[PDB]
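1. give me a model of this one.
(chains A and B, ligands or ions: 5)
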Amino acid sequence: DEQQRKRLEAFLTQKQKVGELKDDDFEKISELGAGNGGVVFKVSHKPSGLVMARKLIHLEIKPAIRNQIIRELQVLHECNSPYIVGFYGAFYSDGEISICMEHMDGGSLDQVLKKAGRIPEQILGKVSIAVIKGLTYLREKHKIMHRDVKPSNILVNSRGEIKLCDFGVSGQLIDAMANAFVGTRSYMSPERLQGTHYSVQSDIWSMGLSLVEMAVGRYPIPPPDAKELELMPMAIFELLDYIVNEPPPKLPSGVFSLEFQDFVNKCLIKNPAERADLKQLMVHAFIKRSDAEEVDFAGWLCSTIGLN
Amino acid sequence: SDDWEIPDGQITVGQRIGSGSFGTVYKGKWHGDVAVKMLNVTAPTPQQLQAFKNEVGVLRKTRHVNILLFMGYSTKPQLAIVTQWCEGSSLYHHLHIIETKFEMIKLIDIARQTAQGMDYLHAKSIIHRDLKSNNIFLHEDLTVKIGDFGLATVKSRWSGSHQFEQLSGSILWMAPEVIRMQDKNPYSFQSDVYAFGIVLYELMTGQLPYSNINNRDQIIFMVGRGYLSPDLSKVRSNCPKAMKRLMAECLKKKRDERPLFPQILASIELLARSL
Ligand SMILES: CC(=O)Nc1cccc(-n2c(=O)n(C3CC3)c(=O)c3c(Nc4ccc(I)cc4F)n(C)c(=O)c(C)c32)c1
Ligand SMILES: Nc1ncnc2c1ncn2[C@@H]1O[C@H](COP(=O)(O)OP(=O)(O)NP(=O)(O)O)[C@@H](O)[C@H]1O
Ligand SMILES: Nc1ncnc2c1ncn2[C@@H]1O[C@H](COP(=O)(O)OP(=O)(O)NP(=O)(O)O)[C@@H](O)[C@H]1O
Ligand SMILES: [Mg+2]
Ligand SMILES: [Mg+2]
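-> Numbers count the residues shown, from 1 in each chain, chains lettered A, B, ... in the order given. Ligands and ions are numbered 1, 2, ... in the order given. Below you will find the coordinate block:
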């Protein structure tokens, strides 16, 4: 619309004030988070006073591969959408790949989930619309696909925005990442666990699984206990096996509307072809309804976190 | 012996080196350069602590030319490990970062010394649990030194009196039975022999295994299910046939078919003579 066009053109304006990104031009403010991959600090770009989020990936890779990663990362300059976190620039210094992006004062929906316990269906509707549009912008305008959709990669801010982040754009960066320590849980779709990406549908699975987790406030693999549900340490290999050879998770039958339940159910069909694509989800009953609802997301976020 | 504990004010912790699977290493001073790894279990339970002390007692009595010395531990600031500091780069840096160009003689020799040290560890009934090129240093470019061996009590944080090995570390060297984490104690001598087999794959191919799979969880599931195996076609052309056959024996899916290190060390020395 218009407010989105204002903010997009305003970000490009502030982005032009940033020239070559050097390690000395940054002053460290506060730590934002970390995880199996890197660490993110809130920083201030002294040559322009802009406050940015700077992720630091420490990879022990041959330089030739590292240089290709930096080169491939420059595609992020072309990703300019209100559903994609703004990108300022990526470089390499002191043995760490630094990727500077816009600061989202709301954090990741992973942190918001902990602060909130559960997230209301009314809010997840708006989040679903944002994620659906973000994946759409990446699929059409760039033919790239996220490949890592989860609550930790959905960012939000006080201005009510919901943007995607940490989406797969550098092939070499993915290969280097492949040699990492095992995690504790996986949002990977079953076809990716047994094979390779099957178009945007594989991302839709992860979106669905993230919605179930955020709706109930608990990673849904395995599904909750009989009385753990009325109360509203599985091995990593057993989780991956459960995702492949066990029925997909679902929402409780009495707490959430039928449109929402059917929405996540169409997102979690184990066969990637039967699973719903972006075109189907965009006009689903739950999305149609949640788009007409006038929900104050910014107010809910600042309340959940504790801001005014 | 008993109290292998290092007090405070004796370890000059220096530049932060890096973090691994169960700790963060700093270069500290302590009667010479040492390697201080700040364990992740900073708050240990009295049952876990006593088990950690007992294992430190077993690791202190280890002395082998291909083994990094274990100098004890400390608990003043936080629970940490003090081990011999090693110059030069690790095997991982040579093979996959620096891309050092060794000859087959030197490569087979690196495999021999590694088997030498591993054979000593199993001789004292010590399961490494984390054998990989990252834990193999080339002191002075010549001798091999295996590190980060043992320490089962500091890996997999406890609940109170249990230590269910929450699978941690790099997945490329994990044996299938380890990936599954199903039957009692997956970490065995054969699980180390498998990791050694993946190290052999490193030495004989110059690549990490599964060069065409860039999905961490896909490798976990497929390797644990017996669907994925290191592609042995990737072995260099100048690699001895006997070496390749030994590598395939170490990587057997069923752990009961993998050889022990006495036989492995013999095969490596035999094919080193006939060269
Ligand atoms: C085995 C395996 O999982 N491979 C894998 C699979 C999918 C993803 C990644 N991947 C990743 O995990 N991260 C997280 C861990 C830090 C990334 O930040 C990350 C990243 N950054 C980034 C993205 C967007 C914006 I706007 C700013 C940014 F800085 N870009 C550009 C990537 O192209 C990839 C490919 C990343 C790795
Ligand atoms: N641009 C940003 N603005 C604000 N917070 C951010 C930003 N980027 C990352 N973070 C925070 O940094 C934390 C960790 O970053 P990240 O490396 O993506 O780990 P992760 O996504 O939580 N899990 P993983 O992908 O497995 O490493 C997240 O939980 C976010 O809260
Ligand atoms: N004794 C040591 N002397 C010198 N450098 C060391 C020593 N131990 C570890 N390092 C280095 O410190 C960094 C982190 O080591 P570490 O915590 O052991 O992670 P890792 O070896 O890569 N994986 P893991 O050993 O299973 O935890 C790496 O760059 C190592 O090469
Ligand atoms: Mg992320
Ligand atoms: Mg090591």
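2. could you tell me how many residues sit around residue A:63?
-> Residue A:63 has 11 neighbours, counted by other Cβ atoms under 10 Å in any protein chain shown. C-beta coordinates here come from the backbone N, C-alpha and C atoms, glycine included.
3. now do residue B:16
-> Residue B:16: 11 neighbours (other Cβ under 10 Å).
4. is it true that it lies in a strand?
-> Yes - Residue B:16 sits within a strand when classified using DSSP: H, G, I helix; E, B strand; the rest coil.
5. now it. Nearest residue, chain neighbours left out?
-> residue B:26 (5.4 Å; Cβ to Cβ, 6 or more residues apart in numbering or on different chains).
6. which secondary structure state does that neighbour sit in?
-> On the basis of three-state DSSP, residue B:26 is classed as strand.
7. any idea what it is bridged to?
-> Bridge pairing for residue B:26 (DSSP bridges) gives the partners residue B:16, residue B:36.
8. how about the contacts made by the residue lying closest to residue B:9 once chain neighbours are set aside?
-> Of all residues not flanking residue B:9 in the chain, residue B:76 sits nearest, at 7.9 Å (Cβ to Cβ, 6+ apart). For residue B:76, the contact set (Cβ atoms under 8 Å, 6 or more residues apart in numbering or on different chains) comprises B:7-9.
9. next up, the contacts around residue B:239.
-> Residues near residue B:239 by Cβ under 8 Å, 6+ apart: B:104, B:204.
10. does it lie in a helix or a strand, and which?
-> In the assignment (DSSP states H and E), residue B:239 maps to no helix and no strand.
11. returning to what we had before: so the residue nearest to residue B:9 versus residue B:2, what's the distance?
-> According to Cβ to Cβ, to the nearest Å, residue B:76 and residue B:2 sit 18 Å apart.
12. how many neighbouring residues does the one residue in the stretch 151-300 of chain A that gets nearest to ligand 4 have?
-> Distance from ligand 4 to each residue of the stretch 151-300 of chain A (Cβ to the ion) is smallest for residue A:166, at 3.4 Å. Residue A:166: 23 surrounding residues under other Cβ under 10 Å.
13. doesn't residue A:154 make contact with it?
-> No - distance between residue A:166 and residue A:154: 9.6 Å, which falls outside the contact criterion (Cβ atoms under 8 Å).
14. what sits against the residue nearest the centre of chain B?
-> Central residue of chain B (Cα atoms, centre = their mean): residue B:131, 2.2 Å from the mean position. Residues in contact with residue B:131 (Cβ under 8 Å, 6+ apart) are B:118, B:146, B:149, B:173, B:192, B:195-196, B:199.
15. hey, which helix is longest across chain A?
-> helix A:121-141 (DSSP state H).
16. anything in that helix near ligand 1?
-> No - judged by Cβ under 6 Å from any ligand atom, helix A:121-141 stays clear of ligand 1, getting no closer than 10.2 Å.
17. next secondary structure after that helix?
-> Downstream of helix A:121-141, the first helix or strand assigned by DSSP H and E is strand A:154-156.
18. against which helices or strands is the helix or strand just after that next one packed?
-> Once the chain leaves strand A:154-156, the next helix or strand it forms, by DSSP H and E, is strand A:162-164. Helices and strands touching strand A:162-164, as assessed by 3 or more Cβ pairs under 8 Å, 6 or more residues apart in numbering or on different chains; DSSP states H and E, comprise helix A:121-141, strand A:154-156.
19. Throw the contacts of residue B:76 into JSON lines and include secondary structure, thanks.
-> Output for these, formatted as JSON lines (three-state DSSP):
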{"residue": "B:7", "secondary structure": "coil"}
{"residue": "B:8", "secondary structure": "coil"}
{"residue": "B:9", "secondary structure": "coil"}
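20. what's the closest of these to chain A?
-> Closest approach between those and chain A, by Cβ to the nearest Cβ: residue B:8, at 26.8 Å.
21. what's around the closest one, how many residues?
-> Residue B:8, neighbours per other Cβ under 10 Å, totals 9.
22. I'd assumed residue B:77 was in contact with it.
-> Yes - judged on Cβ under 8 Å, residue B:8 makes contact with residue B:77 at a distance of 6.8 Å.
23. got the residues of chain A near chain B?
-> By Cβ under 8 Å from any Cβ of the partner chain, the residues of chain A that approach chain B are A:58, A:60-62, A:171, A:174-175, A:177-184, A:186, A:188, A:192-195, A:233, A:235-238, A:240-241, A:244.
24. please redo it, this time with the cut-off set to 7 Å
-> A:60-62, A:174-175, A:178-182, A:186, A:188, A:192-193, A:235-237, A:240-241, A:244 (Cβ under 7 Å from any Cβ of the partner chain).
25. which among the residues you listed count as buried?
-> Buried by 16 or more other Cβ atoms under 10 Å in any protein chain shown: A:61-62, A:174-175, A:178-179, A:182, A:186, A:188, A:192-193, A:235-237, A:240-241, A:244, out of the residues of chain A next to chain B.
26. sorry, back to before: what residues does the longest helix of chain A touch?
-> Here helix A:121-141 makes contact (Cβ atoms under 7 Å, 6 or more residues apart in numbering or on different chains) with A:81, A:83-84, A:109, A:144-146, A:149, A:154, A:162-164, A:167, A:200, A:203, A:207, A:211, A:214-215, A:256-257, A:260, A:278, A:281-282, A:286-287, A:290-291, A:293, A:295, A:297, A:300.
27. what's the following helix or strand after the helix or strand hosting residue B:107?
-> Assigned by DSSP H and E, residue B:107 belongs to helix B:104-123. Taking DSSP H and E as the definition, the helix or strand that follows helix B:104-123 towards the C-terminus is strand B:136-139.
28. just give me how far the next helix or strand after that following strand sits from the chain centre.
-> The helix or strand immediately downstream of strand B:136-139 is strand B:143-146, counting by DSSP H and E. Between the centre of strand B:143-146 and the centre of its chain there are 11 Å (Cα atoms, centre = their mean, to the nearest Å).
29. touching ligand 5 at all, strand B:143-146?
-> No - Strand B:143-146 does not reach ligand 5 (Cβ under 5 Å from the ion); its nearest approach is 9.4 Å.
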